[PDB]
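The form deposited without the ligand is given below as one chain in structure tokens.
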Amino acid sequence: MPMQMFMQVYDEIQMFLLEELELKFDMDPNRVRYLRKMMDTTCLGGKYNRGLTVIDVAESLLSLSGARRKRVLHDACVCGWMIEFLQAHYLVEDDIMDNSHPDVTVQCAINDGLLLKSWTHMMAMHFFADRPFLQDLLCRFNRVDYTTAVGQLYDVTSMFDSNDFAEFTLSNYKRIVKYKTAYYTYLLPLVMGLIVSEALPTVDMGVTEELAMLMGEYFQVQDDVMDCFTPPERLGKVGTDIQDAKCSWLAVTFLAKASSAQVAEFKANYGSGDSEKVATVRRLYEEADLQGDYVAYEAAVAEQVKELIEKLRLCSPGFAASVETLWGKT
């Protein structure tokens, strides 16, 4: 039912956006079909974890506060696709960075990123035109999108001096995860589920924000270890954190427990595309028992998650039920 309802609202959102271009923006059929294919390519195929989370939060809050049910569930589906379209926008922007007479494919890629972001505003201005939360929804959405761009600046420039392993600390790693990932992947779906369910001021946002940062931290730590050790055919992609000199959990943890001579070996091999220098870094990670510390670190984080949900259910019982389902997905 939830996935089937989420996909029906996608067709409704897509048909409005394309017809709006056809009727109000003077677009020709060739470009409408071009944008339909681009929308399907960039927005569909994922797991829709962010979008479905908005639905799960909405349905749990109407079970513990007829016509208001069908409207709130539909409003949550539009908000779910706002995040999915926003994620598709971030992914297109990421493809432009590593992808490199005007090059029309780069022009269309940049244009795709602008259209995907603008579509989040257009679908919200339309389906929520008569909603009292439309102003507050756009402001929290824009602020979280701004947060993500700030986190990308932290992540991209973690190895230099913005006109270098000094910022390779655990607190800066959390700052990167918090702004670059946790806010729009974990906090934003929960907030949007509260907004459409009219139960925004009924929750302790401090514990809600704290759980979102902790769950995003738990997910990013596991994602860092898999990027290094999980082979490509099982991970689904090629792990490239070592070559790209990313501020990963493995890097900042290794630097705290490595000897002075091992740090020199790590610095001399980190951030290189050479096959042996990457293997030398993986060897240093192995010999430091980092995958042993990974299990304990996630266990301690999981305990903080398993216990912070209880603070949230004392005043918001139904809200904590969906947060548990979101944590179980992680």
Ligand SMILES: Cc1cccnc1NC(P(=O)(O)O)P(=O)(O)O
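Superpose the two forms; the largest set of C-alphas matching within 1.5 Å is the rigid core. A residue's number is simply how far along the shown sequence it sits, counting from 1.
Not pictured, yet referred to below: the form solved in complex with the ligand.
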item: Answer range among 180 to 188, 255 to 263, 69 to 77, 126 to 134 for contact with the ligand, defined in the bound PDB entry as heavy atoms within 4.5 Å; value: 180 to 188
item: All of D164, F165 and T280 with a heavy atom within 4.5 Å of the ligand in the bound PDB entry; value: no
item: The unique member of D204, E210, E198, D223 whose heavy atoms fall within 4.5 Å of the ligand in the bound PDB entry; value: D223
item: Interface membership of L91, the ligand in the bound PDB entry, 4.5 Å heavy atom rule; value: yes
item: Exercise: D98 in contact with the ligand in the bound PDB entry, heavy atom 4.5 Å; value: yes
item: Residue among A245, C108, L134, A149 with C-alpha shift of 2 Å or more between the shown form and the other one, core superposed; value: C108
item: Flag for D28, CA shift 2 Å or larger between the shown form and the other one after aligning core; value: yes
item: Core superposition between the shown form and the other one, C-alpha change of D95 at least 2 Å; value: yes
